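Just the one chain here, laid out as structure tokens, in the form deposited in one PDB entry.
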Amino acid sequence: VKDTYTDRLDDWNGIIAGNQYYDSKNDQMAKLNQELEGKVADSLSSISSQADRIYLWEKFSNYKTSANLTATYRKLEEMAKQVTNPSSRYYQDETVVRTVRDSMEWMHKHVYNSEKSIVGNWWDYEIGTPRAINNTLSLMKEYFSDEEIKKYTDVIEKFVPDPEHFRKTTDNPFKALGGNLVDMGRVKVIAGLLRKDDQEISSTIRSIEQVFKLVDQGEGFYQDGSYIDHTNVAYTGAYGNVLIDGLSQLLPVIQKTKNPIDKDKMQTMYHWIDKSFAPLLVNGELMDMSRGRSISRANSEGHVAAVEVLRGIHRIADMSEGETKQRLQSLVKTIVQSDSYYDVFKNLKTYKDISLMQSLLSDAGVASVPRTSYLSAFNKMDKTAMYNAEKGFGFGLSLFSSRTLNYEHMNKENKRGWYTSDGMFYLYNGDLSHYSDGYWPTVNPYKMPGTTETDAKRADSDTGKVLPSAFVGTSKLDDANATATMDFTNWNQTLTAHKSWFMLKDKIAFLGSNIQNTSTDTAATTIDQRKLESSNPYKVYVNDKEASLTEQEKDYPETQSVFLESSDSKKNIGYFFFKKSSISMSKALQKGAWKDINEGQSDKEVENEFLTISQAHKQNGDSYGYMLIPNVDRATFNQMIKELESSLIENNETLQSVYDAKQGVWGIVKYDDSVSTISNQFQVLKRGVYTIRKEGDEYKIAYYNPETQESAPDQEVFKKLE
């Protein structure tokens, strides 16, 4: 029956598919249409048309595997999209209409109904499938009776009757929050509209409002921009994605129901965008350190994942007004145009999303100015993101502590992320494809960049762990300078190291001290493991003399510097060792398959060439110290290392500090409360992290105690001499 409920469903259809905006003369849209045409065509030619079939699609036949249910229903949603698209060859096609109706009935009688119990993954039974069912019925509501719709959605009410909890029919339900809570809306709000159930709609919207509250513990968004999910995992880039992506779709519909959400409550959305999401986006790429186990998915590499956030932002901009709308449009525009590697349209899956992106990009009224420099210390999730606009490089520092899990391996995904948070670092430069094109299934998991580890074998069956120490954190001074440390202990408590980082605007110093090993395994710190481009080869220099790297590891004793020279300076990487160090390097083709790190992925062999730089630690009390200097040519790197000749102030078991004379900035990490005199100019008095700047006779201080997660009054930690 046509009423206010169907009106809302019409708006929903315009959002999830957008057929009403389709334009055959629009190349980007025609491209998505053809994709859907192909998908439906394939589904129609492989579906079982035999009586007494045991499945609809052979490749999704074993229904004891919950994933097959969601995949099956999603195939029906694709059909519903095309049968209602005037420009589709399947528009109002009698066979497709009957196929969708008959398929819904079959699955309802033999595979998914209220008389069933969760078998496999609860996610499919409560989120994946219900969403596919809602969208199918919503798109084809003019081909189904209200009774049939209520019939096919009853099962949704059986598995998800409570808008505040998930796994309600199991022996271990959980409180819905963040991304899941948004999906709860895409389940119960839509089902509610389909069932014309006001109570379900009102109660679900009320439950959804919890998402707008910032937290100070648990899952959710924090004031410092961090986003935690799954109890204690940094997850802005995956579950955070689902949250903004899904919520931006729902809001236009929710705000037109009899239970609209207060404007002041939704105000936090803008905080997420500016404080939580934006910093993790560099040249169109969403930083992998925030994507959890999703890094092990071939179809979700960095630039692809970024689009989920960008399209969410764009939708929010569209429902916003004036300056707020104007600036969000500019944010999306500048990020997209800075991405010369990935075509944003490849992940805009609805015509309205394509339309919005096109108008934004062609509207001269929307400014597209390169983003300025920034540095976000996401202490509540132990990650740090840095971007230098003048030089054009991004830097990501992935850590963990007693407050966060190192890596997430579940549902057979991300089997080898063991060391992705053990002081791992990311460098975002001219090569936007670096962490893409199969980086994850080909990178050597035992040598993640920046990490200090023993070479003991690791089991894929292992799961994440929290760190024994709480002494992990970043002290930020300004948009270009910050200091961080990690009181590191490896997975089996056989190795330790005081690892610290000194972010000094256009370079980052890496210092490690108190390195100890109690095992029989060899210990080493991976200085880098950079994925190469066959089109842009690097010329390697050691102590400024060209070197020839081979697959076989070569040792370089008494090394003062290493320089990776590209034809594009924005891809150059230099390493300056404060004190001559013994390192080894090699360039080798590494092979692997996505299935190796994610059971549900392809076993197709992938290959990439990598340049690995390492420093062995054969004695207790060992250390390392070097400055990472990117985006400068060879002569400029050589000049810079001369300026930094005496930048290392100290690197021992209780004190680590680097000084940038040009800036007048000090980065300092103290492991105890002894009085530390620095450069005969001042004293720092407490255990913690410092970033200090001298401006004449003045001193600007940024102190952070990572264990108590508090700063402190200046006189408690700093004292000027004389």
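We call the rigid core whatever largest set of C-alpha positions still superposes within 1.5 Å between the two forms. Numbering starts at 1 and runs along the sequence shown.
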Stretch with the higher entry mean CA B-factor, where the candidates are 259-267 and 313-321: 259-267
Stretch exceeding the other in mean C-alpha B-factor - 702-710, 17-25: 17-25
Residue of maximum C-alpha B factor among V155, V366, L331, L628, per deposited coordinates: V155
Residue with maximal Cα B-factor (values as given in the PDB entry) among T691, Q656, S48, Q663: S48
Lowest, middle or highest third - CA B-factor, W123: highest
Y374 by Cα B-factor - lowest, middle or highest third of the modelled chain: lowest
CA B-factor ranking of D146, expressed as a third of its chain: highest
CA B-factor placement of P86, once the chain's modelled residues are sorted into thirds: middle
Position of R195 among the chain's modelled residues by C-alpha B-factor, lowest, middle or highest third: highest
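Below, we refer to the form deposited in another entry, which is not included among the displayed structures.
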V675 C-alpha shift between the shown form and the other one of 2 Å or more, rigid core reference: no
Displaced residue check between the shown form and the other one: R327, CA, 2 Å or over, core reference: no
